[PDB]
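Here the structure comes first, spelled out in structure tokens, and everything after it is commentary.
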Amino acid sequence: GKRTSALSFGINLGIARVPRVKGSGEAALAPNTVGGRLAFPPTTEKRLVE
Amino acid sequence: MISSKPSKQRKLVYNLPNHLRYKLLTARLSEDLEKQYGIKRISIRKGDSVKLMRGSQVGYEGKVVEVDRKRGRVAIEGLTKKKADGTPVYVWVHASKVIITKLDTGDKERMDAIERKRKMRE
Amino acid sequence: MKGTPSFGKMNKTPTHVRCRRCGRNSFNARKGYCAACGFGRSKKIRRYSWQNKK
Amino acid sequence: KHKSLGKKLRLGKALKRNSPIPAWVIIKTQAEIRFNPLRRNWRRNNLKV
RNA sequence: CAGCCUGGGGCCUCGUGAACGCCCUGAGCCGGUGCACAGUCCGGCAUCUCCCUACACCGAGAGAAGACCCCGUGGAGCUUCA
RNA sequence: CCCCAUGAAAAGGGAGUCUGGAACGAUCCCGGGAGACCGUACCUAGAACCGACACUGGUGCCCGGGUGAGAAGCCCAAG
RNA sequence: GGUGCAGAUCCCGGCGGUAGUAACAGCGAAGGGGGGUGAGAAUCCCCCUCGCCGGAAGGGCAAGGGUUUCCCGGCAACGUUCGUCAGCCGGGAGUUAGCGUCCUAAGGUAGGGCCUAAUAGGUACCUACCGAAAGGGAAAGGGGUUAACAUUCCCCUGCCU
RNA sequence: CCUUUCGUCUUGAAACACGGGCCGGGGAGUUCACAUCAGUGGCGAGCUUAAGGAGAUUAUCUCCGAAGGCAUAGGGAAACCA
RNA sequence: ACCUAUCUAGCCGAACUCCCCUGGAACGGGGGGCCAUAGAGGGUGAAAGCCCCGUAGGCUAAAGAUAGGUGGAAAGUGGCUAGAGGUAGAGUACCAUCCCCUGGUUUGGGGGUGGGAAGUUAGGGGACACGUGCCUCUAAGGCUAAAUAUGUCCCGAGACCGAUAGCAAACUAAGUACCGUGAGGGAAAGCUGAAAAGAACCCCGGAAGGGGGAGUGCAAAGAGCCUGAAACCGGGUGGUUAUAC
RNA sequence: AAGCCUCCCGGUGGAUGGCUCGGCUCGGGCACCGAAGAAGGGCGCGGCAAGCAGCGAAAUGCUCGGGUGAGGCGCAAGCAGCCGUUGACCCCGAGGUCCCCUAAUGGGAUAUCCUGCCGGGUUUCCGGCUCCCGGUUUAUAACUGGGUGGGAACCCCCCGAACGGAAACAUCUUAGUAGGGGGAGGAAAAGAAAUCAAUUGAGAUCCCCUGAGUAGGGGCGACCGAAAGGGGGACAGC
């Protein structure tokens with residue numbers, strides 16, 4: 001999901017309701033919304049053995 | 001050595017290349033067939049006849065008249081379900097639930113395939 | 001004017017046209033160069049370390 | 001039109017065929033309503049040369 | 001110091017057909033209380049329901065992280081004898 | 001007439017002069033032969049281009065009578 | 001263990017109310033009658049009349065769009081209404097030149113060389129070339145013919161190399 | 001009969017502060033490494049094997065491998081003492 | 001050339017469709033019988049070791065490719081001991097200065113700038129400099145097997161997700177439609193049942209997988225096709241209203 | 001009369017639940033293509049043919065062997081017709097064709113297009129034409145014969161950032177990373193000591209674990225940060 005240049009529209013736009021980040025027309029990249037990168041994605045670097 | 005993931009396996013049977021289609025046709029012969037042929041299973045060909053063991057129409061004997069090689073199922077005459085109009089359409093029954101009863105000895109190229117399976121002399 | 005009429009005069013030729021190499025209508029005739037297919041001043045193909053986000 | 005045969009000289013995927021689906025093919029597919037999604041139009045579009 | 005008339009809107013009728021304010025639908029008014037100006041709380045006054053039009057008085061109406069003042073060991077810019 | 005502004009260059013043509021060449025020989029007329037390749041539809045804008053639209057915005061360019069100086073206004077020709 | 005949600009002016013999808021409300025006025029156009037088609041007609045067609053434009057709503061010409069042109073058949077949307085109709089959809093057809101290509105200014109490039117560590121960098125010098133559909137630049141018009149384009153096809157007169 | 005609307009910021013401020021149309025789906029203290037503690041177990045003046053090798057039904061597994069690190073004495077700069 | 005092996009290919013490969021019941025279908029329940037070096041797994045009208053494939057194990061080459069052997073040729077050709085003699089890489093080391101970096105610090109390496117050696121009886125190095133002894137190496141030219149860096153790709157496995165997640169991508173085309181003059185940004189969208197058996201046929205309308213009736217089929221939620229919640233709206237059921245939250 | 005509330009039913013949306021020819025991680029194999037014309041694009045090509053995929057005017061496939069063995073004519077069910085037992089379709093290998101641009105190189109390009117000069121046979125057409133190395137022929141004329149670009153990451157080498165951190169900030173650090181340029185291969189690099197260490201010892205290089213945040217550096221600030229030795233792997237040296 002990181003393959004984006006998405007960004008906030010800044011503030012005082014109002015039309016940009018929230019500092020949600022959007023790419024030149026549509027929102028992405030945020031942990032909370034559609035398709036973007038996970039909150040805390042599991043990786044192979046995590047320990048496994050006891 | 002071939003994998004055992006379900007996904008890959010299903011890909012072969014949904015994508016069966018042409019020269020391997022006999023695989024989903026071979027059905028069990030009868031005892032009398034193997035009695036003079038010394039062979040258990042073999043691929044179906046046209047011009048043959050079969051008997052059925054499963055399905056609502058169990059116990060039928062017909063003739064090998066229709067086939068679906070690419071996906072692997074056949075049909076036999078004298079067994080149809082009438083459409084709304086009244087013309088018959090062929091009942092589709094899989095080789096998996098059939099037993100062959102006789103074959104065609106008029107090819108000389110299907111014959112040697114029979115021979116090479118270590119069946120005894122002739 | 002800065003509003004719509006600024007878009008008015010915009011019927012003339014595209015300042016970037018079909019460059020023969022990369023199939024992108026991005027050949028700046030005016031600069032004698034394509035900014036997309038690289039044809040014009042690099043013998044090599046234009047390629048960068050940042051074609052995308054990494 | 002003095003188009004300098006770089007766009008009309010090329011014909012096909014360039015300067016051709018925003019075409020309707022073939023008829024008999026639709027019969028074959030038995031599909032509900034067959035389309036080419038690539039459908040475009042001069043008034044609403046800007047062909048990228 | 002106002003008045004009359006005309007065209008198009010505005011009125012009505014057929015067809016098409018949106019967006020704004022929405023914790024709510026429970027909000028009438030008046031004193032009072034309380035963040036020191038209530039729709040619900042307190043005490044009175046009233047208050048039948050439904051519909052259409054005109055008014056924007058109120059809804060501390062909506063529009064927009066106030067354009068002002070200050071803070072952040074926050075930016076950018078300009079200047080010089082930092 | 002004006003200028004402390006003096007108002008583009010090639011290819012392409014034509015002619016003039018001198019050298020060499022062969023004697024046949026046309027920038028004349030008459031008859032004959034040929035002459036790549038590619039542009040070529042439509043619209044030019046109150047619906048055909050752009051401005052997200054079948055958008056009073058812009059982008060153009062050029063061109064009847066009378067009344068009337070008039071391409072002003074009016075009306076009416078062509079459409 | 002990606003782990004229990006009402007919010008984060010959250011994201012995304014669906015649907016509310018204001019609601020058949022606003023608007024479908026405003027920039028000087030306007031239609032009416034009779035007939036036809038078709039299920040269905042203010043809106044489409046036929047006739048007549050009438051009003052308006054009329055240095056532009058007319059006429060011819062670009063860059064651009066790319067079939068928007070024409071024929072035949074259609075209307076679920078698409079058209080600010082409707083719609084038998086259309087630049088819309090569906091089935092077919094349609095541009096011809098002995099009467100741009102050449103050269104060149106602003107300039108530009110590509111190479112040889114002068115630097116740059118290198119370069120897809122700069123380059124005063126030299127060389128080669130690109131650079132105008134309104135610059136210059138050989139030579140035709142007339143009539144006539146298809147629904148569709150024409151100085152190009154048919155005829156005569158030509159004309160230039 | 002008794003009953004100020006959710007959450008949050010906040011001395012109280014929530015009710016004239018903010019964010020709040022409805023419904024559904026998504027959605028936020030995780031990973032590693034070090035340090036230190038607790039709890040738990042194995043062994044014990046030791047502990048501990050890593051990296052790594054061999055065999056194996058082959059990443060599981062068994063054996064081997066102290067390599068090393070911590071503790072096992074501190075003081076001071078040292079010479080050293082201990 | 002030949003031989004051997006390996007890779008490109010396909011091939012062999014066990015055991016029940018036995019009985020009763022349910023079930024549209026048995027791949028279910030009960031009973032009965034069997035292979036197994038093969039009970040990974042997949043398919044077939046459901047949950048099948050023995051219905052089908054595959055599996056453990058084994059087999060395949062014309063023709064190619066890879067590896068090895070089998071082949072041929074050329075060049076240079078004593079060993080030790082003692083003595084004598086000779087060779088052994090320059091702007092290179094090294095030094096001063098400026099700069100760069102690395103822990104390299106009065107101590108490292110590199111470069112610019114200026115100087116600048118010895119060179120076999122040579123030199124360097126052995127944490128500031130110098131000297132002395134002791135120890136070990138020989139640059140200013142080459143060249144080099146393996147032991148490791150990675151997934152454009154191909155096999156295999158998985159305490160990775162089930163269609164707003166999973167990489168953007170599971171779909172008729174995905175960097176596709178598209179927004180941008182431009183570098184660029186960047187989508188949405190899976191399920192008919194097993195077999196279309198896709199409702200023949202009759203009535204309405206012009207038509208619409210539209211109405212109705214019939215029919216297929218276990219089932220039609222039969223094309224907009226699995227299941228089918230709410231926000232919503234409509235009909236109905238049950239209460240219930242115009243002096244009132 | 002509105003309704004109000006709840007509930008039954010229907011439609012409007014499709015979450016849930018289920019299913020998956022998809023991706024994702026891992027490990028292991030494998031691991032250069034290119035002027036004999038790449039990769040990358042642009043065009044065409046089937047009976048009725050749009051996209052994909054495949055294909056190159058020899059366009060849904062051409063030939064020859066090998067296997068295969070009765071249907072085939074893709075995605076994808078229609079009309080019509082054909083190929084197939086004289087061995088199809090398919091798969092393997094070998095060939096043949098293989099348009100245009102493209103590093104594109106006859107010359108030119110704001111044309112995926114136009115356009116020369118030689119030599120060849122000759123109807124169609126075929127071969128050659130920047131910067132170099134070495135030869136023919138005069139000592140400058142042409143002629144004989146062989147370095148360019150791409151490739152997911154990885155590798156090598158030059159050039160070379162700010163953001164932040166120090167709660168400010170300028171030395172320092174973030175850091176030779178981001179990035180630029182060149183150049184390769186399937187691995188690259190490096191590789192035989194002017195090496196160490198120190199009681200007279202070891203014996204190329206590389207990577208792995210330790211040594212070790214030790215040594216040592218710095219407004220002594222954040223921080224940076226070895227070597228030697230030991231233990232492993234293969235250990236080749238001309």
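Following the order of the structure tokens, chains are lettered A, B, ..., residues in each are numbered from 1, and ligands are numbered from 1.
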Next item on the list: May I have the residues within 9 Å of residue 29 (chain G) as an MDAnalysis selection string, using only C-alpha atoms (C1' of nucleotides) and disregarding those fewer than 3 positions away in the same chain?
Entry: chainID G and resid 51:53
Write the residues you've just listed into a file as a PDB file, in the first residue's frame, and include C-alpha atoms (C1' of nucleotides) for each of them.
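Written output follows (selection-v8.pdb):
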```pdb
ATOM      1  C1'   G G  51     -41.690  36.948 -36.545  1.00  0.00           C
ATOM      2  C1'   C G  52     -36.546  37.335 -35.831  1.00  0.00           C
ATOM      3  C1'   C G  53     -31.477  37.729 -37.490  1.00  0.00           C
TER       4        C G  53
END
```
Item checked: Within 12 Å of residue 58 (chain F) using only C-alpha atoms (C1' of nucleotides), minus same-chain residues under 2 positions, as a list in words -> residues 1, 2, 3, 4, 5, 6, 7, 8, 9, 10 and 11 of chain C; 45, 49, 50, 51, 55 and 60 of chain F
What are the closest atom pairs, with distances in Å to one decimal, for all residues of chain D lying within 8 Å of chain F? Consider only C-alpha atoms (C1' of nucleotides), order rows by chain and residue number, and present the result as a tab-separated table.
```
residue	atom	partner	partner_atom	distance
D:1	CA	F:40	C1'	6.8
D:2	CA	F:39	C1'	5.3
D:3	CA	F:39	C1'	6.7
D:4	CA	F:39	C1'	6.6
D:5	CA	F:39	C1'	7.6
```
With N, CA and C atoms retained, write the just-selected residues as a PDB file, in the first residue's frame.
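Contents of part35.pdb, freshly written:
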```pdb
ATOM      1  N   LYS D   1      -8.228  17.934 -44.196  1.00  0.00           N
ATOM      2  CA  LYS D   1      -7.458  18.228 -42.994  1.00  0.00           C
ATOM      3  C   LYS D   1      -5.978  17.966 -43.202  1.00  0.00           C
ATOM      4  N   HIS D   2      -5.157  19.003 -43.050  1.00  0.00           N
ATOM      5  CA  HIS D   2      -3.718  18.809 -43.164  1.00  0.00           C
ATOM      6  C   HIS D   2      -3.149  18.123 -41.937  1.00  0.00           C
ATOM      7  N   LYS D   3      -3.621  16.921 -41.652  1.00  0.00           N
ATOM      8  CA  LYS D   3      -2.943  16.062 -40.697  1.00  0.00           C
ATOM      9  C   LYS D   3      -1.741  15.454 -41.398  1.00  0.00           C
ATOM     10  N   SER D   4      -0.573  15.559 -40.779  1.00  0.00           N
ATOM     11  CA  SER D   4       0.668  15.243 -41.479  1.00  0.00           C
ATOM     12  C   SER D   4       1.014  13.764 -41.395  1.00  0.00           C
ATOM     13  N   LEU D   5       0.027  12.921 -41.689  1.00  0.00           N
ATOM     14  CA  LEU D   5       0.181  11.474 -41.786  1.00  0.00           C
ATOM     15  C   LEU D   5       1.137  10.922 -40.741  1.00  0.00           C
TER      16      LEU D   5
END
```
Next item on the list: Using DSSP on the backbone, list every residue of chain A that comes out as strand (DSSP E), and give them as a list in words.
Entry: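 Restricting chain A to strand (DSSP E) produces residues 7, 8, 21, 22, 23, 26 and 27 of chain A.
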Write the selection just made, keeping C-alpha atoms, as a PDB file, in the first residue's frame?
```
ATOM      1  CA  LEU A   7      -0.954  13.546   1.202  1.00  0.00           C
ATOM      2  CA  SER A   8      -3.200  15.659   3.353  1.00  0.00           C
ATOM      3  CA  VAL A  21      -4.281  11.928   3.388  1.00  0.00           C
ATOM      4  CA  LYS A  22      -5.513  11.784  -0.202  1.00  0.00           C
ATOM      5  CA  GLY A  23      -3.780  11.412  -3.527  1.00  0.00           C
ATOM      6  CA  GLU A  26      -8.878  10.129  -3.503  1.00  0.00           C
ATOM      7  CA  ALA A  27      -7.890   9.103   0.021  1.00  0.00           C
TER       8      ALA A  27
END
```
Notebook entry, point to check: residue 47 (chain C): which residues within 10 Å, counting only C-alpha atoms (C1' of nucleotides), same-chain residues fewer than 2 positions away excluded, as a list in words?
Noted result: residues 36, 37, 38, 44, 45, 49, 50 and 51 of chain C
Next item on the list: Name the closest residue to chain C among the candidates I:170, I:183, I:101, I:5; distances are taken between atoms, counting only C-alpha atoms (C1' of nucleotides).
Entry: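 Residue with the minimum atom-to-atom distance to chain C: I:183.
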List every residue of chain J that has an atom at most 9 Å from any atom of chain D, and for each one report the closest atom pair and its distance in Å to one decimal, counting only C-alpha atoms (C1' of nucleotides), with rows sorted by chain and then by increasing residue number, as CSV.
```
residue,atom,partner,partner_atom,distance
J:42,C1',D:10,CA,8.5
J:43,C1',D:10,CA,7.4
J:44,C1',D:12,CA,8.7
J:48,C1',D:24,CA,7.9
J:49,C1',D:22,CA,7.6
J:50,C1',D:21,CA,5.7
J:51,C1',D:36,CA,7.7
J:76,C1',D:29,CA,5.7
J:77,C1',D:28,CA,5.6
J:78,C1',D:28,CA,4.7
J:79,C1',D:24,CA,8.3
J:111,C1',D:6,CA,5.3
J:112,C1',D:6,CA,8.3
J:113,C1',D:6,CA,7.9
```
